[PDB]
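Protein chains in written order, with PDB author numbering: chain C, 354 to 522; chain E, 2 to 166; chain I, 1 to 373; chain H, 1 to 375; chain F, 1 to 92, 97 to 372. Just so it is clear, CB atoms sit at the ideal spot from N, CA and C, and this is done for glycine as well.
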DNA sequence: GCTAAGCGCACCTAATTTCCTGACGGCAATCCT
């Protein structure tokens, strides 16, 4: 379980990581099967008992898209990549935008309700769920660009289209 | 809105010498020259008495001086961030366009008593491109309403939508 | 060597320079309103004067195609001249060439038509046109007022190359500012209809605006730059300097002179020779106030004399001694009633002032410099 | 020891410095609009002046290869010089390098020795060229203005190493702010078509903009830094100080002076000698309002004298004294009427002021410092 | 015992501080844009001020091995200094290390150049670096250091390197609305060409504003940092006052020679720090009468009167000195007669605050 | 004790170029052995 309160350089804390144990379980042991998937995740680092959570996912077993479920298997990478992108800048060891790091949890919690439709990809996909970040992005961009000017509006609009581009592994 | 359209009409009915004494008064206040104050009284006091929605003193003085300087006709649907902003599509986007954009950007950070000079250079850019019409009524009721944030917001994204066509 | 002319000229109530509305041109000097005559107005009045007529070579015209066309043959304007000038970099907006072409009049116009008369093809005759235009350079008013022609590069073919078209100006003219606080005045005019076919109306009613002022004019001529610009014709440069001195005094701006006649000759002219330029406009930071026993011109000349004495005693008294000549009409106004010898010669005639200036420039008599052009 | 020159100069209606749109350069010095001349314009006018001609020798160009070809004579080698410069870290776009090079004019001969040398290769010749360019800091104007030279590292040979190419500036120029409420006027110029034609209109219609203002110019020269950057040439440093004073007083920026011949000399020069740099712009925080019985220049000097007396009484009464010389043309405009003892010396001549300044510096006649020039 | 300095300083058009894009630093205060000068810039300008050469005693460098090697005419020891520093905890030419200059010179020369053991030599170097906290600039600005525990050996222990800062500096915010301005500069080619174009075109950014500056010195913490030598503490306080009054940040000063001096300094002695920036929550607008420094001083005097008539302790009276050059700008123009000791000389002000501090004169304390 | 009509212009042209920097610097602990 990828849960820790310590938001590091390479980690961005969002929410319960139901997305993580999906590629291996839906490939090797259990595969696609009609039923409910109960996940229990006890996050730990040596003797540090971090957090325990559980989740229930509905499932029918409507095939399995390989690369999309693999992309879904690590959402924390794309979330950290979106957090690390600065307002204006090119350096890579910066904290990026820390105000985004407080609105990623709510959008992740809103996404995690329809986790079955996310996983089987009936009408929910990466593009359809990451547009739930839109209103939080607008109202964070209002804070980060608190000017009523043309350039502030254009840079706010560039802040709007920020979304977690998926990655292959 | 009443009180503003008749103000624009009376400004447009002003003759050449009156516009000249307004032109010479540009750049300073109206406490150092008599005929500027007499003209402001003549063009304000009866229209202030007749209507409750008369514009505020300093914005009316600013628009009077700017109309004397530039003399563009009143036409509906020809506000500043449409005309400039359509002008901002024909420039070089990497160097010249950011500079004219910063010239228009400066306008959002002045009070009412130094505002006439950045407006003057913006209207000079307008005059260099043969622009005959300006929404004078629109400019003055959005300038008298300058105390709020939504008015500058709709100003700005009007410039944006004029830019994206 | 720099020849410097400071002129004090009181004008009648008039409107010599005006903006788009018709208000007389005004500046603010010393925090107060001053009447202004612009420098290009004085420059074109000098250029188009009767005394500078003999040295007026040059066109500065955006209708150069018609100037090429003026042969009896009419088969080179609509096709040949327009296309060649378009290829050179001057587009046409309804049969005029947009760019103003400042260039020498006689010989360069004569040479351009032999380019535009048959054979040798396009993109090579355009090169001859560019070569003859960039190499004109030989005219007194071009030498004084400079030159430009920078054509557009988008329409021009890449096979035509341009030389350096920049000619450095040898003349610096300051804007003629008033010596006192300007009083803008409004004449109310009524145009009366001659036929009484209706009630006693008028016709057109309006305002004209005018002012009266005592102007300080400043001119600076670089002798070596003039010599270099005419390619070493020293007699031409001396003739140009003398005719400029005559035309600055005897010719007024050509504004509303039909209704406001202000042909007032200058009643004080100070001509100095120095290697560095100064302008005695800071004398009139304090505007001249008229006291009962005197006149505005006398007080303006007194302030000018005070400032000239202060500048001369406070900036240089050795090495270069700065030779100056003071001209007043029949010595009507002395240059200061205080201690004398501020000007090396109090000349009571303009032609003698021209002769003295040309003598100090190197002994050119006025007679044989007139034969230069 | 630090030399401060504070100049009050009333200029005629002119556009000395303008931005990209032709507007005169304006600033907001305390909430109100003032007319501004940037320090780069004044620095260029001082540097390219007749009074500063002898102390030249600094060239700032992207066409160093053209200078090398001109010095080498009729031996071509322009492409060879361009190859050496490209290997040095100066990438050529079409004919000039991509970055500006500031260097002493006398060392170009040394460069022409390295480029024309056919025995040496490309990397060693580049190293010698870099050594000559980095060491070419013996010009007075380079010592006044400073330098930075950072070559292109990507297009640089690995066997090319640069020494320290940074010299500190010994001159600080402030932006000349107007003492009063500036306001520009729109000159409605027109261009006359000399041919009659049929339109009877015009050739061109446009908007020039001009302004008239009384400017406060500030110059600061670090004496020991100027001596150090000239490696101990005290006569050269005195020559630079004197020619700088003549250039600051007598030379004006050459911006549209053909149309606005504003060659007005300063109406007041306060030359002070002190250890720390101080400035009197705060005198004109309140804009000068002209009264009828006084003058804009007179009131400007009066306000300057008020602030100078206040600063001297509240800031400059220690064991270390501040000596200032006040220059007006023939004592036309004196200092503050309420004190009349503010300046240590009320000099009424520019040459006498320069002589007094040089006598204070170490004792320096104008004649024997005019005989030591770098070119 | 807290010494509080509130200064009002009007500046010429200048760019003292810039961000990544070369723009003057701006901050939102009271809902409007204000020109900002960073506190670190003011601290650096004070530490590198001409009134600090006799008092500067600290170096914050990562090139410590260069400093240790520089005290050796022929004793070439640079790789061994780098190795002992690398084992000390720095990981490389190191991280930034702040301590005294004479201390690093003398002690590092007598410690690391000695031919001796290796780990305990690193422990000795670490003890020397940590214990070298006797410098008044280190005492004012403050310092703590943490070395990398990975590259450090397990046999090297570090003592407490935490130096509590006795100086608090606020960011200088403008009393009026920020006025960002653009300067369009070119760079002319000194050799001619056939085209007449500049060598470079750019846009500098500058702003002229009336800044409010705020400093706070903790006297008990200052004498705890510099130990019992109170003479050096008084010298540090006087040098701070002189440097803050008489030094400007070294931004683009070669192009913008803005060396204006402050028109008003309030030095107050109280046990609780007060920020008077809330006086300028409402932006200062210019009027026909008076100027910006007068309006800002009037607003500041109004707020000072409101604070003294508001937050007031009978057990601890509030007391402060007002500064104006030759009494040019009075504080309480209308009614607020709070400044008891309007002082028209900087040396007199320094003497008065040193006398309130205790039995110290400026000439007596200028010897430590 | 203090008047009142009528009359208030529009056409022409509004420009071109070219240059726009580079390198350097980016921290560590401490939050289960």
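- For residue 268/F, the enclosing beta strand (DSSP E) covers residues 268 to 274.
- Chain I places no beta carbon closer than 7 Å to that of residue 70/E, leaving this residue out of the contacts.
- Assignment of residue 26/I by DSSP, reduced to helix, strand and coil, places it in the strand class.
- Interface residue (Cβ-Cβ distance to chain F less than 7 Å): residue 152/I is not classified as such.
- Look at the stretch 32 to 110 of chain E and you find these whole runs of alpha helix (DSSP H), each 4 residues long or longer: 35 to 51, 58 to 71, 81 to 87 and 97 to 106.
- Each residue's CA atom was taken as its position, placing residue 11/F and residue 191/F some 26 Å apart.
- Interface with chain I (7 Å Cβ-Cβ cutoff): residue 168/F is excluded.
- Interface flag for residue 185/I against chain E is unset, since no Cβ pair is found closer than 7 Å.
- Annotated three-state conformation of residue 130/F is helix, per DSSP.
- Inclusion of residue 194/F and residue 60/H in the CB contact set at 7 Å is warranted, their separation being smaller than that value.
- Given a length threshold of 3 residues, each whole run of the beta strand (DSSP E) inside the stretch 268 to 315 of chain I is given here in chain order: 268 to 274.
- The stretch 477 to 519 of chain C is shown to contain whole alpha helix (DSSP H) runs of 4 or more residues at 479 to 482, 487 to 497 and 503 to 513, in chain order.
- For residue 137/F, the closest alpha carbon among the candidates 216/F, 98/F and 164/F is that of 164/F.
- When secondary structure is reduced to three states using DSSP, residue 204/H falls in the strand class.
- Taking 3 residues as the minimum length, the beta strand (DSSP E) runs contained wholly in the stretch 117 to 204 of chain F are 171 to 173, 176 to 178 and 185 to 191, in order along the chain.
- Residue burial is scored here from C-beta neighbours: residue 261/I has fewer than 16 other C-beta atoms within 10 angstroms and is therefore classed as exposed.
- For residue 356/H, the CB contacts under 7 Å within the same chain, skipping 5 residues up- and downstream, are 325, 345 and 347 in chain order.
- Proximity of residue 104/E to chain C, defined by a Cβ-Cβ separation below 7 Å, is not satisfied.
- For residue 146/I, the neighbours in chain H by C-beta distance under 7 Å run, in chain order, 258.
- Taking 7 Å as the cut-off, the Cβ atoms of residue 45/I and residue 240/I do not count as close.
- Across the stretch 94 to 108 of chain I, no CB contact with chain E closer than 8 Å is found for any residue.
- Below 8 Å, too few C-beta pairs join the stretch 434 to 453 of chain C and the stretch 412 to 426 of chain C to call them touching: fewer than three.
- Here the alpha carbons of residue 113/H and residue 233/I stand approximately 41 Å from one another.
- Residues of chain I with a Cβ closer than 7 Å to the Cβ of residue 194/H are, in chain order, 59, 60 and 61.
- Boundaries of the alpha helix (DSSP H) harbouring residue 239/I: 234 to 250, taken from the DSSP string.
- Residue state for residue 344/I is assigned as coil, using DSSP reduced to three classes.
- Below the 7 Å Cβ cutoff, chain E contributes 122 as neighbours of residue 23/H, in chain order.
- Here residue 34/F is near residue 178/F, since their CB atoms are less than 7 Å apart.
- The beta-carbon of residue 33/H is placed less than 7 Å from the nearest beta-carbon of chain E.
- Under the Cβ distance rule, residue 207/I counts among the residues neighbouring chain E, one pair being separated by less than 7 Å.
- Under the 7 Å criterion on CB atoms, residue 37/E is classed as non-interfacial with respect to chain H.
- For residue 118/I, no chain F residue has a C-beta closer than 7 Å to its own C-beta; the minimum C-beta separation is roughly 31 Å.
- Residue range 214 to 222 is occupied by the beta strand (DSSP E) that includes residue 217/H.
- Scanning its chain for C-beta atoms nearer than 8 Å, with the 5 sequence neighbours on each side dropped, one finds around residue 323/I the residues 272, 273, 344 and 360, in chain order.
- In the structure shown, residue 61/I falls within a strand segment according to DSSP collapsed to helix, strand and coil.
- For residue 171/F and residue 218/F, the gap between their C-alpha atoms comes out near 11 Å.
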